[PDB]
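K.L.:
One structure is given below, represented as structure tokens, and several questions about it will come after.
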Amino acid sequence: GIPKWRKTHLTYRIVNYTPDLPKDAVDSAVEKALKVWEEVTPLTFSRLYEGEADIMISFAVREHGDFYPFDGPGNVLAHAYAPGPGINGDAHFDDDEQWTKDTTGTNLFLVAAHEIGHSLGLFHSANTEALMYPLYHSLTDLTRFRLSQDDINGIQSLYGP
Ligand SMILES: COc1ccc(S(=O)(=O)N(CC(=O)NO)CC(C)C)cc1
Ligand SMILES: [Ca+2]
Ligand SMILES: [Ca+2]
Ligand SMILES: [Zn+2]
Ligand SMILES: [Zn+2]
């Protein structure tokens with residue numbers, strides 16, 4: 088069975104933080120992420136502190152030795168969990184690298200929006216434009232960013248209309 092233990096509404100907890108960018112950037116990257124998944128499907132969510140929610144989004148700094156410790160300039164950036172019991176929504180961002188919103192380094196909004204889908208139930212897809220595509224093509228033109236039909240196909244296989 089695909090959707091998150093069959094639930095159609097879940098709760099997200101920002102407890103990560105960039106120093107390089109203000110909280111307004113880390114907070115608005117998690118919000119912007121969430122609200123864009125709602126722009127393509129009727130699956131709902133909120134963003135709040137409660138005390139460990141359905142989805143936790145927390146900082147990782149040289150501690151991520153559960154799969155791979157501090158890499159810094161290195162392919163693996165941030166993770167999230169989905170077809171799990173307890174890891175049903177749990178995520179990590181690496182403060183070992185430079186998180187950016189203007190294509191210089193680690194694209195904050197894009198990487199955040201991927202962790203949201205990677206927690207809803209979505210694995211890696213195969214369109215270069217897809218938010219679930221596993222390679223950051225480093226495209227500087229943040230005006231052409233859009234969700235692809237293939238990542239849309241997979242979130243539709245979770246909930247749908
Ligand atoms: C489009 O947004 C992305 C977000 C995270 C990554 S990642 O490098 O952190 N990554 C791990 C992962 O699966 N995260 O959920 C894939 C990489 C190890 C191939 C890659 C792309
Ligand atoms: Ca890294
Ligand atoms: Ca969880
Ligand atoms: Zn982890
Ligand atoms: Zn992923």
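All the letters of the sequence shown, read from the start, carry residue numbers 88 to 248 under the deposited numbering.
Don't be surprised by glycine CBs; every beta carbon is placed ideally from N, CA and C.
If you draw a straight line from the C-alpha of residue 154 to the C-alpha of residue 127, how long is it?
P.N.:
If I take the Cα positions, the gap works out to 32 Å.
K.L.:
Going straight from the alpha carbon of residue 177 to that of residue 228, what length do you get?
P.N.:
Spanning the two alpha carbons is a distance of roughly 30 Å.
K.L.:
Which ranges does the beta strand (DSSP E) cover as unbroken runs of at least 3 residues, wholly within the segment 145-170, from first to last along the chain?
P.N.:
Taking only runs of at least 3 residues, the beta strand (DSSP E) segments lying wholly in the segment 145-170 are 165-167.
K.L.:
Are residue 120 and residue 200 closer than 8 Å when you measure CB to CB?
P.N.:
Yes, the pair counts as a contact, with Cβ atoms nearer than the cut-off.
K.L.:
Could you tell me if residue 215 is buried or exposed, where buried requires 16 or more neighbouring beta carbons within 10 angstroms of its beta carbon?
P.N.:
The residue in question, residue 215, is exposed, as its Cβ has fewer than 16 Cβ neighbours within 10 Å.
K.L.:
For residue 232, does the three-state DSSP call read helix, strand or coil?
P.N.:
If DSSP states are grouped into helix, strand and coil, residue 232 belongs with coil.
K.L.:
Closer than 7 Å to a non-hydrogen atom of ligand 3 - does that hold for the CB of residue 175?
P.N.:
Flag set: Cβ of residue 175 near ligand 3.
K.L.:
Taking the DSSP output, what are the residues bridged to residue 116?
P.N.:
The partner list for residue 116 (beta bridge, DSSP) is empty, contrary to what the question assumes.
K.L.:
So, with DSSP's three-state summary, where would you put residue 210?
P.N.:
Coil, per DSSP.
K.L.:
Tell me the rounded alpha-carbon separation between residue 243 and residue 158.
P.N.:
For residue 243 and residue 158, the distance between alpha carbons rounds to 34 Å.
K.L.:
Thinking just about the alpha-carbon of each residue, which of 108, 232 and 209 is nearest to the one in residue 167?
P.N.:
It is 209.
K.L.:
Return the residue from the list 172, 152, 108 and 136 that minimises the CA-CA distance to residue 195.
P.N.:
Considering only alpha carbons, the answer is 108.
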